[PDB]
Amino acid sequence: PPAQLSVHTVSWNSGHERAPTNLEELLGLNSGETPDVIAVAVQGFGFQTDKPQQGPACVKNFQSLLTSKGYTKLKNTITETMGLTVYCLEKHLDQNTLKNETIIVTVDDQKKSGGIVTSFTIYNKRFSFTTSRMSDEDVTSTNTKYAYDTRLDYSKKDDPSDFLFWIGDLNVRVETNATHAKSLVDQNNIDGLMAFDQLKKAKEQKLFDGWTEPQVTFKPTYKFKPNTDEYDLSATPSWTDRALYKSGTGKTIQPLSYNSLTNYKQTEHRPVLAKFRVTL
């Protein structure tokens, strides 16, 4: 058993946009790194119906590239508004130890909000990967707008997972006016603007209890005018896509890198990539 494994996560609230052609950058492969596990979460509209017939392109392009490197897809799950894919290096898998499971939780009767958790075991350690989506208008279990639900949190089980990641647009925003937020951005006072971020408020209500975010040192990833680096100040600039981590069993998870990918400008949000090292 290796003593450590590397995990990359990426999430993008990509809306109606199709998978780009350069995937290596998106997945953090472009520096020569070969991580053990890769999870990709997207949020948007119409993935299941698939009017545009993008599904077959996604499969082809992700499968070509990743199969080439020795990955196997453990699971792809899509609903109308969320997608979560998890890949693992083939060499790590043992069929009768894996216990691959996915639940979907749906909160509203239109099945647009909730989340997905995919869990699996390697080297006798359980990994769980969650993504979630909530809209501002929703009635929820928490009576907040945040994309949290206890059923999605595998640290609140009697047998909690060893390594947990929660990736996506949590529907946490910066709670101040757009002029002030832009001023802080222009001065590169990232910690000053993070003071207004709603994750700490959610945590005060004991949502995302004991989940940690890596230090943010990049500018808000939303809301941009498509194909520019210009903020549309009709919304307060915010950090939308986030990566949170936890261990249920006292394992060390060390973030190596956490950054937005500013080369991807096709849309209003920028994708966010995190890299972690975990000690088994």
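Start at 1 and count along the sequence shown; that's the residue number.
Visitor: Averaging CA B factors per stretch from the PDB record, which one is higher: 37-45 or 60-68?
Guide: Higher mean C-alpha B-factor: 60-68.
Visitor: Read off the CA B-factors in the entry, average them over 197-205 and over 86-94, and name the higher stretch.
Guide: Result: 86-94.
Visitor: From the list 30, 252, 215, 236, select the residue with the highest C-alpha B factor recorded in the entry.
Guide: Highest CA B-factor of the listed options: 30.
Visitor: When you compare the CA B-factors of 124, 81, 179, 102 as listed in the entry, which one comes out on top?
Guide: When the deposited C-alpha B-factors of 124, 81, 179, 102 are compared, 124 is largest.
Visitor: What third of the chain, by the recorded C-alpha B-factor, contains residue 75?
Guide: For residue 75, whose C-alpha B-factor we compare with every modelled residue in the chain, the answer is the middle third.
Visitor: In terms of the chain's CA B-factor thirds, is residue 138 lowest, middle or highest?
Guide: According to the entry, residue 138 has a C-alpha B-factor in the chain's middle third.
Visitor: Looking at the C-alpha B-factor of residue 221, is it in the lowest, middle or highest third of its chain?
Guide: Its C-alpha B-factor belongs to the lowest third of this chain's values.
Visitor: Would you check the entry's CA temperature factor for residue 261 and let me know if it's in the chain's lowest, middle or highest third?
Guide: Middle third.
Visitor: Would you mind checking where the Cα B-factor of residue 247 ranks among the modelled residues of its chain, as the lowest, middle or highest third?
Guide: Its C-alpha B-factor, which the entry lists for residue 247, ranks in the middle third among residues of this chain.
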